[PDB]
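As structure tokens, the structure follows; a few thoughts come after it.
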Amino acid sequence: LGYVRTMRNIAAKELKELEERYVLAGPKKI
Amino acid sequence: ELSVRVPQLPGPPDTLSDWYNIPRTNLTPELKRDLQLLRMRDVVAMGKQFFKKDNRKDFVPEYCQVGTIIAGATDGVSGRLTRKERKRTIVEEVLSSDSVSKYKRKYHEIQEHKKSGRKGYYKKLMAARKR
Amino acid sequence: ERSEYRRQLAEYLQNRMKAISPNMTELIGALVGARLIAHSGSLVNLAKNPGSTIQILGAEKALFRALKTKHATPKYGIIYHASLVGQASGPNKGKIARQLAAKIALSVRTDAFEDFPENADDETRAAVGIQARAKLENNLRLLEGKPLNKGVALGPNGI
Amino acid sequence: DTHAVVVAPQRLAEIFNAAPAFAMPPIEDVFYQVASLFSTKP
Amino acid sequence: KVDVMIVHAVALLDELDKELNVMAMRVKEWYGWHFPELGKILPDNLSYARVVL
Amino acid sequence: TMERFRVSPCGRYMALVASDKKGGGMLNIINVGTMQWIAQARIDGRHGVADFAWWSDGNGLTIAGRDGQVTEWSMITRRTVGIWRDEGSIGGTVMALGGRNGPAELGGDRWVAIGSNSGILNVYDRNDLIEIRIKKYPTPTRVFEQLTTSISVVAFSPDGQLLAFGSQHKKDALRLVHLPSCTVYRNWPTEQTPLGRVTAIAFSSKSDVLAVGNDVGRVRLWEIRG
Amino acid sequence: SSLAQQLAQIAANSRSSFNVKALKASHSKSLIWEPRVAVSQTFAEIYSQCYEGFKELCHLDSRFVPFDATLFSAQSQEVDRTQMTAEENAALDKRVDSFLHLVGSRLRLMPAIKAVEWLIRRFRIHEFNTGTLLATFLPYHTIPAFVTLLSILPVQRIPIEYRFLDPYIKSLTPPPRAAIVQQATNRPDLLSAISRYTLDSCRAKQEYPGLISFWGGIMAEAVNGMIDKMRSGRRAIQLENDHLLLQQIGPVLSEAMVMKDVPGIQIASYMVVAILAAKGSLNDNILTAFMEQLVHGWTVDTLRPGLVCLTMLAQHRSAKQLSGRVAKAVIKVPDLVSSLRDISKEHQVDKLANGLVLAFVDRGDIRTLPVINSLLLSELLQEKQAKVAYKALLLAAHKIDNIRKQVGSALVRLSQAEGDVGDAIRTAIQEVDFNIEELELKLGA
Amino acid sequence: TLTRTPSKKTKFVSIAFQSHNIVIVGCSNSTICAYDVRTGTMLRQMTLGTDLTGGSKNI
Amino acid sequence: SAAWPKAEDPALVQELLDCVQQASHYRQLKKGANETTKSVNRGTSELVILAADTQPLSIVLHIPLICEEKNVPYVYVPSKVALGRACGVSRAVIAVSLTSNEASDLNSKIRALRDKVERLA
């Protein structure tokens, strides 16, 4: 369980960085 | 002046008294890889340098200590490993050295000579008969 | 002269720690408190940590090595060189390290978030530290005064 | 009407285990501690 | 109350302990040419520096 | 339904919980001698009325609803004397009310015991409810957390010295409690006391005999002797 | 192996060494010196060091000067204990027990430890007087000197009551008070041995507060655990368990309650009596026996602790009145009502005060009227107790056949009392339905 | 805004003040709530039962 | 005081404790201040319920900072003993944090409950 928790923390940080980079790459305005 | 004592009453030796207390081997997997490499150091330098054939049944000695050469003050331009070559173990130095392709070539020649006629050969003969 | 300056720097660190965090200074003391503040970065950055984090601050290399190779994690970190975990011996050392880290987490949260009327004496500003230290010393002396196992007392015959 | 005082023995063991036999409070003070432990006053 | 003085003072304390240990070992090797048995008599380096004084 | 009811100790009245939950339960109060409706007591809760108990002088009644609200409702003024809360009860299941020499304007019963659905039974001294003003947050004289399943039965001794409380959902889950000391007796029931899955208990009129009846359908009797 | 069992009992009962390795080991067992040094030590070196220790001890306390002549003598360098007869060995045992009772107070000091090391290394007290030595080191069971004595003790020479110490001899750690107290609740022999040691010291007036606090604490916790064991719920078994508890306790408390010269052990016995009367549900005649012996036993030094223990004893009784001599010595108490208010701030003195008023009213003496008046106007009794006490006073006034003058003076003062006591007294007059003015004008005319 | 109900389906249909600081509101989910205007808190939630004359359980 | 998203309505408090009990039976719950802080810092936490009856209230005030940094909803119930025996603990629990998963009726209840907490805020 401790090993899975550390790997999940690392993978969640990677997902946050990759989703930030994907949004930065690519009735909205009134 | 004179005090009540502390009563302290509750196999092989830990440190050698005659050899200035070399500690007993903490037989880590990295030290075991290093000792296998030391008994196979004839194979590592592939025929360029042969070694004294010391082949006991157990290659791990009872007392070892993994150290590092520091410095000869007379030679310091080429008798000194650089920062990108001072590695942690001995096996890491062997792998960072050259002729790893030479080890792979000799291994694949041995693998062909040992797969020469064993069972894929007989599967091919049986298929050529059945066709 | 360097030694005299280092001694007065230790006295200054003690005075500034009793100024900043009186609860934690009443618990473990100024040097170990300063080590914890140093590793966490700041007081409000230490206060956001759980007690299991504060138990193994500083032992992080062995911690993450053990967590990644499925070994057994270290029992304590910076907390080992406090006073109150150094009196124990055996497994009671790890038990007192757990309990002391939990009380340190409570005391750091109190010293970093509680307000005071500014005419507040230090003896009532370090109240959580005083109470936690007294309770924790009582628990330590119970853990040390746990008796040994009874046995059959045999005579000379074996009867 | 009154009943028999119920006291958990861990409290009395704390009263006597607070210090060694030497360097304990005097027996008048320890008697007042034990009597206030066994006092049935609400 | 601000804790940047706490982190700076404890980093300074660690570096001072390191430099004081190396300068005390240096005055031990630096006075051991003239009196070498004093380093065996006094193992505490502060008292060694005080005796050198 | 007419399933749950309580006759007053004076015998004059009888209260029946009306089957209408809807975020608050009422109970219709009936004169015993003529069997006619005379009053109605409505409390606010989430699922209604967990239990209730007449006061010992016979006038009012204490209605413990689910979600912790307990309500003292008098018969003379015929409106609510007060509302207080059980300590931390996420929902009440049973209540009992006994003893003597309590507060004179709250029926003259000394102890109230309220058992919740977690397994915890709180016992309050009813001289601590009076702050006629009732404290909105009284503290228990004793919180009993010995039973692990929901408290199904609770019964005071008629002289107010014993309190037997039990859970149905565990085999031999019954405890017996002294008052005013609020200490659980440790010598009974033992591992081999054939209680069963206790569904109903009853103390005798002189409080010499405890009767315990289980879910199999077997009454067993125990002399109480002090 | 019946022969091996008989020979094992013979070898355990044997006392003198008979081969050279046994002599060297038995000479090696010491308190101060390590064994490698303590093997090669003659009896002049040990006597020089330990006589310096005894000189320091004899300059500290005065009463070691007979042991200067008999135990620490230059001739006592040479005496072998195993070569003298049984009466010489018994007289030497009496001298050793007297010295150990004398030296138990100063045993944290290195002079006293040097003196005990002389006794151990010459007379072999760890083998021949294991009971008294282990009992005199038992109040110091948290110190390294007790750890060393536990290390040098022979295993089969310990008495049966102190055989809880065997894991603490196998692993050299000091035993805890939980272990000593738990073995005291389980074995009556260990509690009897501790109480016998401290009473045999306190009869010789060699007490010290460490020993008194040690015995008081361990007998208090042992009687606590013993009552919690003796409680059974069955009537005949709890009767027999109360009787067995009293038969195991009674001599110790019956001596330590009336030991007048040692107020510390008197207060500790009061503590044990208070625990025994509160927690253990005892009988009324047993509690009157305890109260009568406390009343016979107190001094001025233990008067207020005696009154606290008396309040607890009288509170936990089912009867209403006290049995005579209790009320007589509480008449002899100097400041009764003010002391009872200082106690009733914490201890509920109501049943003691009620029984005191009833036992004074049952006396036809007229030197108790200030005490009766003060106890009635004290605000200590309840309203019902005050009413029944005043009713008994007027009934005694009707029973008397001067006396009636002082009785009527007390009655008119009690009727003209000021507060709630006067309210309850006039209410008691109204419910006994007898007129004030009859006896008023009868005593005024 | 003083407060709002937890349930979004609670509709406030009538309002009357008991004193200067106590507001009594009726609701559609069978309740009469008694709020306190200064702090915006809730004194007590009076409730009423079902209607047993027809359908539509909420009074 | 410092407990400004207070749940004072007893209907909402009963809904919060019923969802806490259901998550406790689903083993989707983190009990205690340290375990709540770990779940909020790791980001697995869907909702977090603190208790306002804490005698030093400042020992749970660090969790509002981490919830403001991680955008999870926190709410204060009145009684920590009620929170404790709502989780099924037999101790006083001062902070609890209930987590989310892929697909559950409990996850739908979590979404509706944090909508009600956002109505409180």
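Charge dipole (Cα centre; +1 on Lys/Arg Cβ, -1 on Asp/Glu Cβ; no other charges) of the protein assembly as shown amounts to roughly 7000 debye. Straight-line cross-link reach from E:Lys28 at under 26 Å between alpha-carbon atoms covers these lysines, not counting any fewer than eight positions away in the same chain: E:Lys18, E:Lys40. Applying 1/(1 + (r/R0)^6) with r as the Cβ-Cβ distance of H:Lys8 and A:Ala11 and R0 = 60 angstrom yields a FRET efficiency of 0.95.
For G:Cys50, B:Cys64, the sequence from fewest to most other C-beta atoms within 10 Å is B:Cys64, G:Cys50. Residues B:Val77, G:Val116, E:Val7, ranked from the fewest to the most other C-beta atoms within 10 Å, line up as B:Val77, E:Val7, G:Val116. Dividing the summed -39500 (n - 2.57) terms of all DSSP H runs of n ≥ 4 by the residue count of chain G sets its mean residue ellipticity at 222 nm at -20500 deg cm²/dmol.
Here is the link list: C:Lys70/C:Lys103; D:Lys41/F:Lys136; G:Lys29/G:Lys170; F:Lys135/I:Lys6. Which ones come out longer than 25 Å on Cα distance? In this structure, C:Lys70/C:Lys103; D:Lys41/F:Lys136 lie more than 25 Å apart at Cα. In this simple spin-label approximation, H:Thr41 and C:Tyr80 carry label points 7 Å from Cα along the Cα→Cβ vector, and these lie 5.1 nm apart. Under 16 Å of direct C-alpha separation, and excluding same-chain neighbours fewer than eight residues apart, I:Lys109 reaches these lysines: H:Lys8. Here chain E is assigned +1 on the Cβ of each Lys and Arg and -1 on the Cβ of each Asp and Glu. Its dipole about the Cα centre then comes out at about 160 debye. Pairs of Cα atoms nearer than 8 Å and 6+ residues apart set the relative contact order; for chain I it is 37 percent.
Each label was represented as a point 7 Å from its Cα along the Cα-to-Cβ direction; for F:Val216 and G:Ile436 these points are 7.1 nm apart. Karplus-derived 3J(HN,Hα) values for region G:428-434, using 6.51 cos²θ - 1.76 cosθ + 1.60 with θ = phi - 60°, are 5, 4, 6, 9, 7, 6, 10 Hz; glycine and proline are entered as x.
Pairs of alpha-carbon atoms within less than 8 angstrom and 6+ residues apart define the contacts here; what relative contact order does region F:27-85 have, in percent? Across region F:27-85, relative contact order equals 22 percent. Normalised by the number of residues in region G:209-300, the mean separation of alpha-carbon contacts (under 8 Å, six or more apart) gives a relative contact order of 36 percent. Across C:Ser83, C:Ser21, C:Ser107, mean-square fluctuation computed from a Gaussian network of chain C (C-alpha pairs under 10 Å connected) peaks at C:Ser83. Model label sites at I:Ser108 and G:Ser409, defined 7 Å from Cα along the beta-carbon direction, differ in position by 9.5 nm. Between the beta carbons of I:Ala121 and F:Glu191, assuming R0 = 41 Å, the FRET efficiency works out to 0.15 to the nearest 0.05.
This ranking places E:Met23, G:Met271 by how few other beta-carbon atoms lie within 10 Å of each, fewest first, which gives E:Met23, G:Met271. For region F:205-222, take each phi angle, set θ = phi - 60°, evaluate the Karplus expression 6.51 cos²θ - 1.76 cosθ + 1.60, and give the result in whole Hz per residue in order, putting x for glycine and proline. Going residue by residue, I get 6, 8, 6, 9, 9, 9, 10, 10, x, 9, 7, 6, x, 9, 8, 10, 10, 10 Hz, with x marking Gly and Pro. In chain B, the DSSP-assigned H stretches of four residues or longer account for a calculated mean residue ellipticity at 222 nm of -10500 deg cm²/dmol, using -39500 (n - 2.57) per stretch and the full residue count as denominator. Here H:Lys11 is the anchor, and the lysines within straight C-alpha reach of less than 20 Å, apart from those fewer than 8 places off in the same chain, are F:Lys22, H:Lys57, I:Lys116. With r defined as the distance between the Cβ atoms of F:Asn31 and G:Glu240 and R0 fixed at 56 Å, what FRET efficiency is calculated, to the nearest 0.05? Efficiency, rounded to the nearest 0.05: 0.50.
Projecting the Cα atoms of E:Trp33, E:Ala11, E:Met23 onto the charge dipole of region E:3-53, computed from C-beta unit charges around the Cα centre, puts E:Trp33 farthest toward the positive end.
Using only side-chain charges placed at the Cβ, +1 for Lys and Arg and -1 for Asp and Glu, the dipole size of chain H relative to its Cα centre rounds to 220 debye.
Read the figures in this text as sums done on the coordinates, not as results from a lab. Every residue, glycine as well, gets a Cβ built from its backbone with ideal geometry; the counts of neighbours run over all protein chains shown.
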